[PDB]
């Protein structure tokens, strides 16, 4: 079988990340690291040999006698955020580990946190609250009222301007709801 780190790992962008994996069958001909997005399928990341392997910012080590295999990511980017799977190939059947999730927090260049109100375009009172442009360290807590809903932080990358921004969306069917009471744990946003 294959045992690897439970995770998740949470690292700043540009940090070096190390992945750890152990296995039972020491004679298996081939070892691999695969990558998987949340709503996607595993994809080969790198083959691993007894001499290790190197591909750009990724390196890998294998010690058959110690039953040890390791992955090392340099200058980690937001695109590296994914589940990494340790794979063994004894005869032809790939054996995957449970995988280790990795989340890479972007470094916000010019944080400008704010909670904006966004009106429905179909001529209605309905509105959502957008918490945006905050630094990656603060943690958006989930709603503590039954009828308000707060999404987890989503990192948006406008590559056209080399720009990156955090965002979270809040909305409620309550008629007492306001954008100034939607969020908990902030910094100093422009709560217009």
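Residue numbers count along the first chain shown, from 1.
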- For the higher mean C-alpha B factor in the entry, choose 140-148 or 28-36. 140-148
- Going by the B-factors listed in the PDB entry, is the mean over the C-alpha atoms higher for 41-49 or for 123-131? 123-131
- According to the deposited entry, which of 16, 181, 10, 20 has the largest Cα B-factor? 181
- Query: When the CA B-factors of 153, 159, 64, 57 are compared as recorded in the entry, which is the largest?
  - Reply: 159
- Message: Is residue 78 in the lowest, middle or highest third of its chain when residues are ranked by C-alpha B-factor?
- Response: lowest
- The third of the chain into which the C-alpha temperature factor of residue 107 falls is the middle
- Going by the entry, which third of its chain does the Cα temperature factor of residue 92 land in? highest
